[PDB]
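Next up: a single chain in structure tokens, the form deposited in one PDB entry.
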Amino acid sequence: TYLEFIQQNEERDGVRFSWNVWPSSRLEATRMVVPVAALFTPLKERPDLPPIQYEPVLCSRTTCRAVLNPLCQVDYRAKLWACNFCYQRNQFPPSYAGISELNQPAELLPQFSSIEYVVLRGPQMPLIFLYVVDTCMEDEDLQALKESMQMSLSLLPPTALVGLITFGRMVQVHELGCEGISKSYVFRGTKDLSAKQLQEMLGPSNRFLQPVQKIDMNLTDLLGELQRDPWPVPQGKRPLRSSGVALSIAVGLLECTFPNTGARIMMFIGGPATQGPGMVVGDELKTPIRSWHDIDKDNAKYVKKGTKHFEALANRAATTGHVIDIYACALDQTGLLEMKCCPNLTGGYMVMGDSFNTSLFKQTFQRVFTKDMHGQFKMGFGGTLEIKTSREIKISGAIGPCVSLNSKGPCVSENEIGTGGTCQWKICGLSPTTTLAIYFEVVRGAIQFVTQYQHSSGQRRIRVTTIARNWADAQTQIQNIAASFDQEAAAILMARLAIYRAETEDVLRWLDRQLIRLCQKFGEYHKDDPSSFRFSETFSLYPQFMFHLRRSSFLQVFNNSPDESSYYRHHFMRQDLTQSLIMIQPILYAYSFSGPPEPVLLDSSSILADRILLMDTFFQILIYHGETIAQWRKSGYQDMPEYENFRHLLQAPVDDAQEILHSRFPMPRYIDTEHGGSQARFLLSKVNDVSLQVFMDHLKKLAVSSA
């Protein structure tokens, strides 16, 4: 079963290809409508593989150096193995002299196509956490932020290093643990500093980065005593908030102290940057923060200059190997658009809300520090992804949270896509859900993913995934290829390409031309007869995924603020397939007396009066009460013991909502609305050129017409 094949391969290898049978010829490789690409999850969790405390065995060929994998032909009599990439024959290392057929190494068993090694040779480096705290916010917001930071401090490993940087009009770098005084280095938030300058001005641990077990008591007291920025805010003015200099001072601090080691720069902002490099809006309250409409008419003089400042900090932190998180809570826009490259280039998180004093932010912030079945954070640091392919395969590029290492080889393709021109990428921060998208090109086929990263325990680890897909038989080329089409993976991989072009500017024109092309090659139709058009079960859902994608908030940036568009795209560019489909096409469940909860179509015809709907959009959990149920619930029938069945109906969507309102890392916003309610708009906009029915008729007309 091809579905069982796709399911078991993502469970084992954390990968999903657009095509599982690849073009064996050059004539069919160029003619592929959707490129051969892979949704790859390097640190995907699975039912307990034993970590292999072995140095990975390598092909003794200079260029290749691939890892011993189940595709290698072995010879247990002659103690030799042949590399499946370069055909080199290798001798086994001394520690493998005793291997036999009835007791062979794990990396050769097919169940271990994806496997993790532990490299224990150097002394382990402590983790590093740098708090960068805005003080230009209301007391209730700041007090809640202080408590959230104090809570996170009680979760950190005893050996991890911590430092504190607070900012407002000035930037303060706190020297922790000084006794009886508590000193800090104050800098103007008006000019930037380089790492070198900051090192000379400031003069394994530091004065500024101390181990938790040595400093957790003093830091807890310091975080407790943090107060507002002492500088008054005159009437009709915004506070002077030097976000750009504070972030650059945090980046420069770690750059000259612990370069090339896992560190987390966690920045908490309560508003936009109003002073200094990186400025997003002026200090005049009469001037609103720029909107998307303000962007398209050149009425935003801070955007391009502010974006450039944070792109320089993003590449600085990513070259050094450090992570940048942005936790932004305010009632107005905060500038995520200009700062998005810091958590995007690094593997950092982007959390946005209305206020730090909510369950939404507090619960989202503590899920950052979720541990696994050993008390260890689900974080990885300094991830180096290296992809080794067969000679017939070349890597076009990657789209996702990563940076290029600019390493060359015969696996690099001239056609670069996203972050291309390399067979190596650095991912400063990965989680078990981090999902990259690697686009390939043809010029059993094999590809090997080698991800070296620093575990939250400090252990150096190497995850090796080796997959193989069949070359299409020449006598049944396009038929075997058509049967191996992953319509869900291809939609997300094409969506990744579409979002990347809009965010680096029409994109809908490219998305339509490929949908129509895919219909003509893999559909069934008589010429100039739209009603004759059919799609096999393999392709039937692709147009619907394409309909919701082109109308989504990922490509229709208006009706949202620029910060919201950058937040939505940020999380889509990192998620696996399952969550990505939910973003593009929210799932809808229906609740009524006439049966158990059932999934229903995202169309206005699903909005019934005697039904409760639960819509999950990934960012939102929405419960809609129909007009009949709304009146029944406004009446008071629930409290009466006669209608305990009406209690089940009102609590059934709430219960199902609670479960997913805990696993999701960016905790979704919860909405309890009904017919006539204001918040019912979110359901009416995701639901229903115009409608899907009209959209399909237009597609069939063009598919059966010109090529």
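We call the rigid core the largest set of C-alpha positions that still match within 1.5 Å between the two forms. Numbers follow the displayed sequence, beginning with 1.
If you look for the form deposited in another entry, you will not find it shown, but the lines that follow are about it.
Student: After superposing on the rigid core, which residue among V33, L661, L43, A652 shows a C-alpha displacement of 2 Å or more between this form and the one not shown?
Tutor: If I go through the list carefully, the shifting residue is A652.
Student: Is the shift of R611 between this form and the one not shown large enough to count as movement, that is, does its C-alpha move by 2 Å or more after the core is superposed?
Tutor: Moves: yes, 2 Å or greater.
Student: Rigid core aligned, does the Cα position of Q679 differ by 2 Å or more between this form and the one not shown?
Tutor: Yes; that C-alpha moves by at least 2 Å between this form and the one not shown.
Student: Cα of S594 displaced 2 Å or more between this form and the one not shown, core superposed?
Tutor: It does, since the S594 C-alpha is displaced 2 Å or more between this form and the one not shown after the core fit.
Student: Would one find the Cα atoms of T358 and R647 closer or farther in the other form than in this form, where their distance changes by 3 Å or more?
Tutor: Residues separate in the other form, at least 3 Å farther apart.
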